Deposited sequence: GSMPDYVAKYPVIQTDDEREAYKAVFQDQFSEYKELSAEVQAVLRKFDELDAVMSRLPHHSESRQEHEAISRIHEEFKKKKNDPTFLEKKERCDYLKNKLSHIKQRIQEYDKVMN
């Protein structure tokens, strides 16, 4: 098994497909930007705490909610990257 975007975003063949992938990239990038910034901020907040040096903060780091948030963020970086790769390949042609 592979991520869902692999199947949903096959090799571009038409100019319309290229524009559709662009629309999807623009939408998902704004979502990704926001999410990643938030995730990094938290990770950094702890980074500042680490520099200062607690247990509650370690738990916060392993919070399942945030942990889930971090995994969605990784999915998004991967999805966007794949779509970008697709567009570029067509663009080179």
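In this chain the deposited sequence has gaps in the coordinates at 1, 55-73, 114-115, listed in sequence order.
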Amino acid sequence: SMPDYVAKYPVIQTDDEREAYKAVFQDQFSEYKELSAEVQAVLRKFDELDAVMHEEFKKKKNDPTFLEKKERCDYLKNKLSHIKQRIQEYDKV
From here on, numbers count along this sequence of modelled residues.
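Annotation for 28-36 versus 41-49: the higher mean temperature factor (C-alpha) is found in 41-49. Of the two segments examined, 84-92 and 3-11, it is 84-92 that shows the higher average Cα temperature factor in the deposited entry.
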